[PDB]
Amino acid sequence: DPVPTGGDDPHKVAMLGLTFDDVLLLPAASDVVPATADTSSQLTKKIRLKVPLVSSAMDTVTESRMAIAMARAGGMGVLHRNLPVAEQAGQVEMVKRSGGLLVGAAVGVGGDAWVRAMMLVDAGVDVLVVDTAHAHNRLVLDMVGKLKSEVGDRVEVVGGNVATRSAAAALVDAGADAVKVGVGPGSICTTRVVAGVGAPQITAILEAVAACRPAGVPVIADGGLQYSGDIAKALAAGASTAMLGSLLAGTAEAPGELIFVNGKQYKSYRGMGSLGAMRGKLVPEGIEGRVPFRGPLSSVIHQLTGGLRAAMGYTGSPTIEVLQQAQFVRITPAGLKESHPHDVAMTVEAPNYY
Amino acid sequence: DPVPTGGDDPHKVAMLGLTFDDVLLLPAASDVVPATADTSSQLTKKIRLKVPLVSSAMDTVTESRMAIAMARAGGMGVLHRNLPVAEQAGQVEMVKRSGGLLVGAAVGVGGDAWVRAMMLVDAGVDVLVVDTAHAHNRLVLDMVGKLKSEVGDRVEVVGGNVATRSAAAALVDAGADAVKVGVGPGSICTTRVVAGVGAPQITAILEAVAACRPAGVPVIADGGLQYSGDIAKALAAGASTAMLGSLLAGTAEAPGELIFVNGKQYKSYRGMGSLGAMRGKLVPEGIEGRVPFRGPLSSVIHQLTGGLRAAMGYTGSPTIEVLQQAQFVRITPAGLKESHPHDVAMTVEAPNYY
Amino acid sequence: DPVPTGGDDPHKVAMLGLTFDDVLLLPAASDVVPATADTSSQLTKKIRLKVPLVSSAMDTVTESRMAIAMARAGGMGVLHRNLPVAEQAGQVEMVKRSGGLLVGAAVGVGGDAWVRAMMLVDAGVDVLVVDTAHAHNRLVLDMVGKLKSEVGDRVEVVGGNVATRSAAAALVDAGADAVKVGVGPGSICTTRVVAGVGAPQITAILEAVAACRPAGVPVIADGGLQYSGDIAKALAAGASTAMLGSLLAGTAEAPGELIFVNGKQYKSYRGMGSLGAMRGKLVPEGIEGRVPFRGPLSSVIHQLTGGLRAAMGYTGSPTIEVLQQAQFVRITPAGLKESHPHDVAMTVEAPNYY
Amino acid sequence: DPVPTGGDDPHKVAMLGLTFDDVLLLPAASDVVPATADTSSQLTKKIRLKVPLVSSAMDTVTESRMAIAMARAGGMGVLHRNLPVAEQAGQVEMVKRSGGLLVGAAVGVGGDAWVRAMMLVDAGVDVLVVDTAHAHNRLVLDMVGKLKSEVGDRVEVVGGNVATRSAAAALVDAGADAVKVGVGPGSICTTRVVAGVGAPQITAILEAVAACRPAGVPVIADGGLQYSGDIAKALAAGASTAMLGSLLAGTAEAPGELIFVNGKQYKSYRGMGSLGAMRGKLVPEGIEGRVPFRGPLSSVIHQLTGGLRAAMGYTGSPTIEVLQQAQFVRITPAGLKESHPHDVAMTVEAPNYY
């Protein structure tokens, strides 16, 4: 027979990709009440966070105020690189002056990125994130390897982003201290549409973990998360931390401009590959928009960790390491409709559901 | 090969979960006209109802008036536990003073729940429902077992909620007289979203029944039901009764406040894990809302049992026990669209379809 | 392993049901241009129609004017039975007085239905349709068998409706001259929702045909059709004719009341199991509504047969009998979106697409 | 067992058809930055384009201005045939007078189409496109074969449209220099709805390529494309070029009338099988509408090629021939929702996403 989906090559369509809305965690036998769950997890090989959450390296999400707030809440911020090197380094210093808090900073690849990285290290950064649209190439692997060789002793080096097992494996071989996963799932991202390229985020995590976990390298699940439950799903798929843009962009600490329209409150949120971000040869792979204002970061993080704690209680996971062993059930569109509230008019805002 | 959905573990995504909108009952050879169908079914091992329906233990669904009405209609109510012990016990007495009608009452786990249970038994309750978000743990199993040991002679003890075969089996082993199934399907429930945890309700029923039916323990299908046909589906999947919140919350007998907006009529309906219910450490797993007013309970129950009777006629099921042996066909989104009315503007309200 | 969808019984969920929007006909080698296609097909064992279309036996679709128009267009009407026996018989006579045109009439089961049938035969009806919600029972089979024994010589006897192979086989064994398929697909039908019972219409046809075709008994595909392409699909699945309600209810010849609202034109269309039809013990299994006015029947039939002719050209089918051998490809929701016009604002009405 | 979808014939439903929104390209190891990608590709056996894009032969898409613009941008236009032969030939001459640019022209089948073809060849056309709704028949195959025999030396001859392996193979055997694929995917097309016939476009490409690629015959993927990413998908499925209607109809160079409604700007765009096009025996297989105005063609083509270049960078494809070897992952509806921007209000127009 021909392949059921066309042509004669069984490997042309190589797998079925799932994302967060395709799966649910199965409850299991539990001696863990949400209050007693330990939410700590490895950000990188050497760095463990109290709360397994980091803020996106975006000019509408993370600058010093967000980095400070995230660290105090037990996570970490990654300072964006859409600003001069001296300014990014200064923001690292600001976070460092606020109580020796952990902080990360994004860099690109090449000579200017090298100088940026060295200035960030001098400023006391804890984590360098080599942050690129496509990490599966010699330029990114060389950057990760060279950084580890030169400053690896004082700084952890993260590489990303990937969406496959082989790209995750290449980053592991280059010496990455963590691997960041996500090609296209971002709320403001058009990569999958403009280039046609990506992998659904749950499958991308499962695949990257298949390479990283046996090598003891933590995986950061970056993009596509919209609810506390999605964080539990990402970790159960094998990630060690989750990176958030949209969920944090509406908070007081995000550096986006505060917007008032139709008697409502918003903040700007835009892709770093949007036309506006690139200006402030490649065609854009993001859009510019706004998200509703969500109040203080601390309260958002509390709701997110609370949802994670519930998941740990339901699945009998005393630690994140046990949560990573939980099982999924795949669901249909009807299952998804059933999972959200349905057939009711919401009359009151919930702090963890809008 | 890697698993088609990612990673190398075939059991990571353990099954495909179906819910009501994913399946239809197949018609079969029949000598049963709807009028002659026997809708009676076991609520628990010792208690058989004339109509296999019970009202949810929620502060917007079941208080004494609902409990009285449900019992008179041939089902039963489960009195909610969001009120002082003396008041819940008093409501049991009110139902009991109205003609020796059957009544159930929810309790939690722990010392206060124990005192509540003893007061309810003293008041003459027929069924205690140990009613928890997650029953697969020693606390709930111990509560069920201790209740059966102490008052098991005069009261039936139900345990819930579960969504897996193993959790249903644990409750059976603890001595449960029925097992209640449903993690996340409720109309006002956000568990699946906030915690990421659950199982689509048809599969959850099939799995629980695989453990309960061979032990002679009835399964209560709790949550997610929106039409009379869904009740037939739940029973065919193997449940013995169905528990309803949304479908009954809009009735005259529900204790929710009656609301007038936009020239229309509603009643409040809220999750017992909503912020408003919890107040009146855990983050909410429900929302607060309203549902349209549906009139007297009796008329709603008549329409629901009528739909069930039709299903029994179509499937050749003279009893609920035979309905539990019916077969399903799985359907696609197109099948679902075809099942509901389509391509027509409804001009008149139907008593059993809105 | 447990069954992937739950429980331990592989046959509990017995198959995957497809309907019209799930499939497309594959083009094939062709020496048939649409103009040369022969659209004739068996309505029953003895009766062949020029156009393989019949109008539904509904009080908002078929009375004498529709029956006359359908016959003149090369199809047939089935006169509804929601009126006194003498009136239904009179309408048969009216059609018969209009040029010896073919006509059918619906009857139920039991004594009154028997008298109705005899009066219809006396009036010259060509086809009796034993027309019931569920045909898989002794009452319907006996009616079909008795009618064939008593008047089978002068009248063709159709039985319906079924949605399974075994029910189709029972009707064949009872002596049915055609078998009508459709449990729940109707536009105004709530059977699948109220009772939870049915089978998606393409699979229902495939299954019924598996029983009827080897016995030389034509299958009438009844309900769910919305476009000319759906007719081609039904016939390719193995049906010999298609029965239409919605598509014909908006025509001038339908007996529904003509409605003017919002500067637009509609006609009433209602299920025969709607509360309004039943009045003019069972709960309703239909709704009451309206459909847009579509003009003269002849023009609608021309567009429908034109679409069928195109399908025959694409599939290389010179006759309906060859069309019944065509192949399908199954499609996804994306495939369905692609099939309809997309990403364009329609500015002009098309005669065969709204 | 019966076939899981109904009946006893395993080949009745022959395969599962995918289209663009069902798949994503997997990133791969890459030494190709978008800037260095070579986007050139074969239009036909003898003609290679700098940009693998051609404009649809439609009266609202391609006349001389569009043909000139496409050629200058490195693609080609196919002049439509809904106008007198002398006028179509004149437009060929106009394009030819503008710098020896490449140009194609559509013809039908039969005597008038033959005269049209000869006049187009005399006028200097580079490519004749035998352009029919259904190419799998002797009339079209004879036309292709006769054209190749008579003028094959000076002109390339394309045949279409097909949606199957066997029809593609027949065109290859007839001597086609390229095969054009697409039955029903067009934005303005109702073929799949009116006739019920077609195949989802990715599967159609895979199937046609299975016949054409081993014979060295390029495949033109015609219809259904809405984003730059879709072009990358079509080429990865094995096509050598993509034909665009909707994406180009809104450009300044399209010959559609410019429309002003609601303070917005549109241009007319209609199917060539719409009632309006056919007039200016068959029932229509297209609709008439409008699309938003998109500005100069050059800027649209730049955005489209930019997206393609990104895909080549992500997949490590230095040439289109390597892109044709890329792998897909199949996605679910959740995956598709995740791929587009989600959970954000777009506040600024993006040049490559609306």
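Letters A, B, C and D mark the chains as written, and numbering starts fresh at 1 in each.
What we mean here is this: a contact is a pair of C-beta atoms (placed from the backbone, for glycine too) under 8 Å apart; a residue touches a chain by one contact, two chains touch by 3 or more.
Per-chain Cα centroids separate subunit A from subunit D by 38 Å. Here the spacing of subunit A and subunit C, counted between their Cα centres, is 54 Å. Each of the following residues of subunit A touches two or more other chains: 15-18, 20, 203, 333. Chain contact topology: the protein chains form a single closed ring, every chain touching exactly two others.
Touching pairs of chains, sorted by label, consist of A-B, A-D, B-C, C-D. Against subunit B, the residues of subunit C that register as touching in their complex are 2-8, 11-22, 133-134, 136-138, 162-164, 166-167, 170, 183-185, 187-201, 203, 224, 226, 246, 266, 268-269, 274-276, 281-291, 333, 336.
Subunit A makes touch with subunit B in their complex at residues 15-18, 20, 23-31, 34-35, 165, 202-207, 209-210, 227-233, 236-238, 302-303, 306-307, 309-311, 313-316, 327-335, 337-348, 350-353.
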